[PDB]
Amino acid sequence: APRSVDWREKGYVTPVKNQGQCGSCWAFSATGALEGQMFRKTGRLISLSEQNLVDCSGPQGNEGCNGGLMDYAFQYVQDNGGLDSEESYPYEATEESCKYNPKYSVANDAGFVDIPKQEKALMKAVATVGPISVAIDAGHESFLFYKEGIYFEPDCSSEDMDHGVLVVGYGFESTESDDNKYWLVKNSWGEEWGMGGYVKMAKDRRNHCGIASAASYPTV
């Protein structure tokens, strides 16, 4: 595959979405990973329901608009036996009652795989599996203002992550400082933020922002 990977080119990724004011990044990261795994297994791209996750995955440990984990969402899809499409279960940006309807389930999983905490293992998973769910430290002012180039925040934490996003690929670009490698990351803050809603995060700089600390993907 190397030296660059961008799953968007092969049709594995839906357009950028927007979580709004709800702490539901975890649900967007999970549907992003499921969308890519379902594409791999069916050849069809269908946008999945974050709201279904926000409303129904509390039993698995998620906290609606107050946070959650992508693994818990994968556990929910396994336990529930399905997840509704985005069209059938739209996003409201607030936690509501569970209204899952099996008639509109368009995806499913059997569980999930946690990637070892190494950027090398993460690279192998992105190249060989597809888009991967990851948690990152996005709590700095530099991240709010990100617009171009490779993001690097010296104060980034490798262990305390507060946001869930989706790695769709990786690559390189010549740079003034020779820190040239990045992870291609799909965010859920709308298309206007960042580079069309994406951020190139520093790659191979000691697990910058913890990108490799809590990476996983659903088993379909």
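Note that residue numbering begins at 1 and tracks the sequence as displayed.
- In this entry, 172-180 has the higher mean Cα B-factor, the comparison being between 172-180 and 186-194.
- Relative to one another, 108-116 and 138-146 have unequal mean CA B-factors, and 108-116 is the one with the higher figure.
- Within the group 79, 92, 84, 71, the record's highest C-alpha temperature factor is found at 79.
- As recorded in the PDB entry, 161 shows the highest C-alpha B-factor of the residues 38, 167, 161, 53.
- Residue 125 sits in the middle third of its chain by CA B factor, as recorded in the PDB entry.
- Residue 57: CA B factor lies in the middle third for its chain, per the PDB record.
- Sort the chain's modelled residues by C-alpha temperature factor and residue 203 lands in the middle third, per the entry.
- In the PDB entry, a CA B factor belonging to the middle third of its chain's modelled residues is recorded for residue 42.
- Placement of the Cα temperature factor of residue 214 within the chain: middle third of the modelled residues, per the deposited record.
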